[PDB]
2 protein chains.
Amino acid sequence: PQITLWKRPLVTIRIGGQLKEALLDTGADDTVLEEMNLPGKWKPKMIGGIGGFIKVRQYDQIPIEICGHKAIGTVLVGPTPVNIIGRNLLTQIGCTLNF
Amino acid sequence: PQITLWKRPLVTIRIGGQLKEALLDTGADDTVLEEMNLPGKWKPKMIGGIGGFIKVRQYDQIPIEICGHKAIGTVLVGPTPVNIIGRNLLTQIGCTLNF
Ligand SMILES: CC(C)CN(C[C@@H](O)[C@H](Cc1ccccc1)NC(=O)[C@@H]1CN(c2ccccc2C(F)(F)F)C(=O)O1)S(=O)(=O)c1ccc2ncsc2c1
């Protein structure tokens, strides 16, 4: 697909039994999802953006489906106001910026 | 150009005769630059990111050349962690997401 940027690039993602709307975000190194209780090991981390930092839980090798494209990798979970698909997963689904 | 996402999509911009590195940020509605001097009236604004809210100065109708593509639009100036080029100017240069 081609997604223009007139509006926020929100797409449907699936993580296990949860479907959520998330930004395809080229300005995000990492994938940051709003609070959810995923299974398995994790590690605490702090990530910074506009306004300062938030504490997140880093889960590794989590499969996520993005517009029917399979991805698997690190997902950060924390008190973000929006779900953010970062470059770690954007590359896996073949996402580029073009102009 | 086509830009892949294994590295941060950092590009050189020209603004007020100055060259700066800025991040092409599809997860950003607006363009937000680190502290700098721009001429003309500005208005105080507050914006919220992942870590909370900050105060910025809003300048309207500012020319920026992004990889040689001309834009003229609103630039917010304040304590962003990184210079970010948001959708207001990404649209002007014809930028889309493709996968
Ligand atoms: C700042 C940038 C270098 C990094 N961020 C990614 C951005 O795309 C971020 C993603 C993002 C989007 C929305 C909320 C929070 C975070 N966008 C924004 O902060 C700004 C806020 N804003 C926004 C939002 C609502 C109203 C007005 C604005 C305004 F437009 F502001 F008026 C908006 O439209 O973009 S991030 O979310 O902090 C981030 C993500 C992953 C990540 N991984 C490691 S550090 C790290 C940091």
# chains A, B, ... in the order shown; residues from 1 in each chain; ligands from 1
$ select_by_dssp --residues "chain B" --states "strand (DSSP E or B)" --output "PyMOL selection string"
chain B and resi 2-3+10-15+18-24+32-33+43-49+52-66+69-77+84-85+96-98
$ interface_residues --of "chain A" --to "chain B" --cutoff "6 Å" --atoms "only C-alpha atoms" --output "MDAnalysis selection string"
chainID A and resid 1:5 25:27 49:54 80 87 91 94:99
$ write_last_selection --atoms "C-alpha atoms" --output "short mmCIF file (atom, residue, chain, number, x, y, z; two decimals), in the first residue's frame"
data_model
loop_
_atom_site.label_atom_id
_atom_site.label_comp_id
_atom_site.auth_asym_id
_atom_site.auth_seq_id
_atom_site.Cartn_x
_atom_site.Cartn_y
_atom_site.Cartn_z
CA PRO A 1 0.00 0.00 0.00
CA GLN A 2 0.80 3.70 -0.27
CA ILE A 3 -0.20 5.79 2.75
CA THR A 4 -0.30 9.57 2.30
CA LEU A 5 0.29 11.76 5.30
CA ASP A 25 6.08 6.06 12.96
CA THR A 26 9.37 6.70 11.17
CA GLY A 27 10.47 8.92 14.06
CA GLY A 49 10.49 11.98 23.78
CA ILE A 50 8.74 15.35 23.84
CA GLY A 51 7.99 16.20 27.46
CA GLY A 52 10.55 13.81 28.94
CA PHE A 53 10.69 10.12 29.70
CA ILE A 54 8.33 7.26 30.51
CA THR A 80 1.96 5.96 26.06
CA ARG A 87 11.48 1.26 12.80
CA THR A 91 11.58 -2.54 8.22
CA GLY A 94 8.99 -3.47 4.01
CA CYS A 95 8.09 0.12 4.88
CA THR A 96 9.93 2.98 3.20
CA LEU A 97 9.48 6.75 2.97
CA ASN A 98 9.23 8.10 -0.54
CA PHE A 99 9.18 11.56 -2.08
#
$ residues_around --residues "region 14-21 of chain B" --least-positions-apart "6" --cutoff "10 Å" --atoms "only C-alpha atoms" --output "PyMOL selection string"
chain B and resi 33+37-39+62-70+82-84
$ atom_distance --atom1 "CA of residue 57 (chain A)" --atom2 "CA of residue 75 (chain A)"
8.2 Å
$ closest_residue --among "A:73, A:42, A:22, A:61" --to "ligand 1" --atoms "only C-alpha atoms and all ligand atoms"
A:22
$ atom_distance --atom1 "CA of residue 30 (chain B)" --atom2 "CA of residue 45 (chain A)"
27.1 Å
$ select_by_dssp --residues "chain B" --states "alpha helix (DSSP H)" --output "ChimeraX atom specification"
/B:87-90
$ closest_residue --among "B:72, B:35, B:56, B:11" --to "ligand 1" --atoms "only C-alpha atoms and all ligand atoms"
B:56
